[PDB]
Every structure is written in structure tokens, then in C-alpha cells.
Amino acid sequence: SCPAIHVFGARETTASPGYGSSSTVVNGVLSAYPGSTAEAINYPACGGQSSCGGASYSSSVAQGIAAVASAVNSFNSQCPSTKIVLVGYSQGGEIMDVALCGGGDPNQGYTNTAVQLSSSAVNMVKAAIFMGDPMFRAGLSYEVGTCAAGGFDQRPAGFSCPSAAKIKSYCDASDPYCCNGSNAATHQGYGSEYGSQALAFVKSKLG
């Protein structure tokens, strides 16, 4: 059968297969909505290390965007009335960001600027949670956190996401990857810092 709610989680770089740090809000939704089900995005989650298959960051991102698109689009065709939630941490956030918001990822060589999710799938995506997304750029309506600058793959000024109202993207000032800070520790704690906020948001979008 099809569940009423299905969630997709995408892990950070070098994390072992599964959800990695997206687990905190993935698990939050599942336990908030018994009978809901979840799946991990299958993609390299790599930055050239041999442990994760040696793919470069650029190649990992390209493959991840396609992976998100394929898994979400196919699921939606199978379960068209199922509400979808996306959760992505760091690189996992960046691949969902492109897939859902379009605009490509010029720094990583992804040239296609089209939204990659189908129109049907975008409609049934009800909430998207990004944490530590290197495409972060302060000044977008869907962002929260203390970062007032942007990450190494930051969106350009004046960017707009058609699905802005379905998203929350979190990043603080001292983060070296989604912001221009220098405390890596910050990158690793968004789960405990914003998980509860994130869950409330998802809740308000789901009913």
C-alpha cells in the first residue's frame, strides 16, 4: 500500500549509507506520525575520499541531484496522494535544494537550471528541511539562522525558489560551509539546535 506520509533523507559527506545527520528530524516525523515511512537517498555523499567511492564533490552532487529526482518522482507516480517531506543535511541539503528549487549548481558544473522534480511531485512535497546547506545565502525568505553571509556554493543575489513557502533552511554565522565562519563544530549541531523548530514547521504543513 501507500502511506499517508513518506519522508526522504539525504546524508552528509562521508557519512555511512542511510540518513546520516538528517536522522534527527527524519525520526521526529516518523514518531510524530505512526504509519508514516521513510527512505534514504542513495548517492555518493562523497568529496573524493576513497571510503565513499572516491567521487569528487562535484560528481557526488551531480549524481545526488539525479538520485533525489528519480526517487521522489518515481515514488510520487506510485503514490500520488501521499504527502512528501524532504530532509537534507549539508551536501544532502544542497542536492535537494537544486532538485526542488532549480537554478543549477554552477560551481559544481551542474548546468541544467530546471527544477528536477515533476510538477506532480512538487505539489505533494509539503515541507523541505535543509541544514548546513552550502548553497545558503542570507536574505532568502525560507532561511533561518544567524548567518548573514553565505556558503561556498551560495545562491546568487535575487534568487527565488518557486517552492519557497515549503522550505526551512538553517545556517549560523560561525559555520565554515553554509556561511563564512570558521567553527566546524557549528556545522555538526543543527540537529539539536533546530530540530524542534524544524518539526514544528513540518507539523504545520502536514496537519
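Counting begins at 1, following the sequence as shown.
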query: Between 65-73 and 158-166 (mean CA B-factor, as deposited), the higher; finding: 158-166
query: Residue stretch of maximal mean CA temperature factor, 85-93 vs 133-141; finding: 133-141
query: Peak C-alpha temperature factor (PDB record), options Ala173, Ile41, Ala38, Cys52; finding: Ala173
query: Chain-wide C-alpha B factor ranking for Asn107, given as lowest, middle or highest third; finding: middle
query: Ranked C-alpha temperature factor of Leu30 among modelled chain residues, by third; finding: highest
query: Ranked C-alpha temperature factor of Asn180 among modelled chain residues, by third; finding: middle
query: Third of chain Cα B-factors occupied by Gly9; finding: lowest
query: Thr113 - Cα temperature factor, lowest/middle/highest third of chain; finding: highest
